[PDB]
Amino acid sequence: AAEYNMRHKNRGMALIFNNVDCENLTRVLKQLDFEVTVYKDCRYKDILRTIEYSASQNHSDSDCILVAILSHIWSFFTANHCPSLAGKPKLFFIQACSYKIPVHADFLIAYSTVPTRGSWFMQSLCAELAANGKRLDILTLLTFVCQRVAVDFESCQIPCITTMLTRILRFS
């Protein structure tokens, strides 16, 4: 099968863990007909804990899941552990302030590093999603997200993207 089955009942869950970056993401994912819930107060341990329980959940009717973490633990989503998401996309957008990764299939991890409209990674990632999110596959979408941050910087930190997606992700 070429394409991720992205015509389920529901699109899926968007947990945005933390001001204006959190908002746009929100706007845009909502326009991607995600259900978006926003977690303030940061701390490490809540995020983890929350993610535990979000993995605990019957996702049989969701195209994917999206977990954002915006600054200014995986084993929970593996197919064995989260079989309701197995060969479904599981998207990870981190904006950190050095990290390891492997393993598993259908994972994706967009990762920038921050130092009035906010960070460049988020400005571009939303400028893209919210213009071509439904037109382009995620991996060229995000590629151009790389090009626009590279490139709109200077007038007078690039996203690092790492994908195990076993198919073409289209927001249909």
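Numbering starts at 1 and follows the sequence shown.
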Absent coordinates between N18 and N19 - deposited residues affected, binned into four classes: 10 or more
Unmodelled deposited residues flanked by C97 on one side and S98 on the other: 10 or more
Given 160 to 168 and 146 to 154, the range whose Cα B-factors average higher in the PDB entry: 146 to 154
Stretch exceeding the other in mean C-alpha B-factor - 38 to 46, 126 to 134: 38 to 46
Given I69, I109, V28, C64, the residue at which the Cα B factor reaches its maximum: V28
Modelled-residue ranking by C-alpha temperature factor, third containing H59: middle
Third assignment of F76 from its chain's C-alpha B-factors: middle
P83, C-alpha B-factor rank within chain (lowest, middle or highest third): middle
Third of the chain, ranked by Cα B-factor, where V114 sits: highest
